[PDB]
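Enquirer: Below: one structure in structure tokens.
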Amino acid sequence: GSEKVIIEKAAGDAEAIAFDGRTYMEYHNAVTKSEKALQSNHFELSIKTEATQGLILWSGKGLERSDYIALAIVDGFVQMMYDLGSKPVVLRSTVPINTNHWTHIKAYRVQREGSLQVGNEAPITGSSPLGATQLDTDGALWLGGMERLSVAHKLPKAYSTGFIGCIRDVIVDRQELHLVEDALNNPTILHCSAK
């Protein structure tokens, strides 16, 4: 006869991917092919750092020398540094991240004033000299370093030293979050340790 159709599948939910300092997640995606000109974006993601210096995120796609958004670790702290006109804004974090633990980080970027929070805590903010209140990006994203890290701009080896840790649950404006969907674009993919 028919035993109905039950839905009970729990294979766990810890999409963790370990980096080595060179892995680059090139996530090429667009929020909606039609407008392309948002006014503000949100950035969420957690990470298992294992050092102190290393760039975690970089996005752009829209110009040839403008709108530079990225997220890197320096001295043991993360910092969202972006320049869409001429002055980069490093809203670093005032909390330890090299704790080998899953930390939470975020960033509220509006026109020229951006923000950053380690677990929604003491937010570090900063804004540009309102020299560009209209940037254009396809919500593209690169997280974990950079194949062509000539984007670091002028910071120290932080970008010359990709990140080596684990990252998971990272979304921007409710986009991305498909670690393995665009990560496959890479050659090798790792998960994490201590499990």
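Enquirer: Under 15 Å from the Cβ of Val95, count the other residues' Cβ atoms, weight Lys and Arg +1, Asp and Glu -1, and hand me the total.
Expert: +1
Enquirer: When we measure straight from the Cα of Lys154, which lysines land under 23 angstrom away, once same-chain ones fewer than 8 places off are left out?
Expert: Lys61, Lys87
Enquirer: Can you list the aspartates and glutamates whose alpha carbon is less than 12 Å from that of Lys33, not counting same-chain residues fewer than 8 positions off?
Expert: Reachable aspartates and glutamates: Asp138.
Enquirer: Still on this structure, I have one more. Please check which bits of region 17-43 a label hung off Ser193 would reach, taking the label as a point 7 Å along Cα-to-C-beta and the cut-off as backbone N under 14 Å.
Expert: Answer for region 17-43: 18-21.
Enquirer: Find the eigenvalues of the gyration tensor of the Cα atoms of region 13-195, then list the square roots of 5 times those eigenvalues as equivalent ellipsoid semi-axes, largest first, in whole angstrom.
Expert: 23, 19, 15
Enquirer: Okay, which of region 102-123 sit inside 20 Å, backbone N to the point 7 Å along the Cα-Cβ direction of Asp138?
Expert: none
Enquirer: Could you give the length gained by full extension between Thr32 and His153, i.e. 0.36 nm per residue of separation minus their alpha carbon distance, to one decimal place?
Expert: 40.7 nm
Enquirer: Is region 92-179 rounded, prolate or oblate when judged by the Cα gyration tensor, a ≥ b ≥ c being the square roots of its eigenvalues, rounded requiring a/c under 1.5 and prolate requiring a/b larger than b/c?
Expert: Judged from the Cα gyration tensor, region 92-179 comes out rounded (a/c under 1.5).
Enquirer: Quick one: which residues, 5+ away or cross-chain, put their amide H under 5 Å from the amide H of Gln111? H built at 1.01 Å from N.
Expert: none
Enquirer: Relative to the compact-globule scaling 2.2 N^0.38 Å, provide the ratio for the alpha-carbon radius of gyration of region 115-159.
Expert: Normalised Cα radius of gyration, region 115-159: 1.48.
Enquirer: Taking the Cβ of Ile164 as the centre, find all other residues whose Cβ is under 14 Å away and add up their charges (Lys, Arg: +1; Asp, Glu: -1).
Expert: +1
Enquirer: For region 1-96, count the residues as N, evaluate 2.2 N^0.38 Å, and divide the Cα radius of gyration by that value, please.
Expert: After normalising by residue count via 2.2 N^0.38 Å, the value is 1.53.
Enquirer: Suppose the chain between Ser40 and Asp20 were pulled fully straight at 0.36 nm per residue; how much longer would it get relative to their current alpha carbon spacing?
Expert: Value of the extension gain: 4.0 nm.
Enquirer: Let me ask another. Which ³J(HN,Hα) values, rounded to whole Hz and listed in residue order, are derived for region 47-64 from phi using the Karplus coefficients 6.51, -1.76 and 1.60 in 6.51 cos²θ - 1.76 cosθ + 1.60 with θ = phi - 60°, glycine and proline given as x?
Expert: Taking θ as phi minus 60°, the curve returns 8, 10, 5, 9, 6, 4, 10, x, 7, 9, 9, 8, 9, x, 6, x, 9, 10 Hz for region 47-64.
Enquirer: Once phi is turned into ³J(HN,Hα) by the Karplus curve 6.51 cos²θ - 1.76 cosθ + 1.60 with θ = phi - 60°, what whole-Hz value does each residue of region 169-183 show in order, with x for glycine and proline?
Expert: Each residue's phi maps through the Karplus curve to give 6, 10, 9, 9, 6, 6, 10, 6, 6, 10, 2, 6, 5, 9, 5 Hz.
Enquirer: Same structure again: Compute the length gained on full extension between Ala11 and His104: take 0.36 nm times their separation in residues and subtract their Cα-Cα distance, giving the result in nm to one decimal.
Expert: The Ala11-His104 span can extend by a further 31.2 nm.
Enquirer: Residue-wise, which Karplus ³J(HN,Hα) couplings in Hz belong to region 25-41, taking 6.51 cos²θ - 1.76 cosθ + 1.60, θ = phi - 60°, and x for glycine or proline?
Expert: 7, 8, 8, 8, 8, 10, 4, 6, 4, 4, 9, 6, 3, 3, 10, 7, 9
Enquirer: Right, here's the next one. Tell me the GluC sites (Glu not before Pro) within region 41-139 that lie in a loop according to DSSP and have at most 16 other beta-carbon atoms within 10 Å.
Expert: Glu64, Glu121
Using ideal geometry, Cβ is built from the backbone for each residue, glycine included, and neighbour counts are taken over all protein chains shown. Values quoted throughout were computed directly from the atomic coordinates according to the rules given, and no laboratory measurement underlies them.
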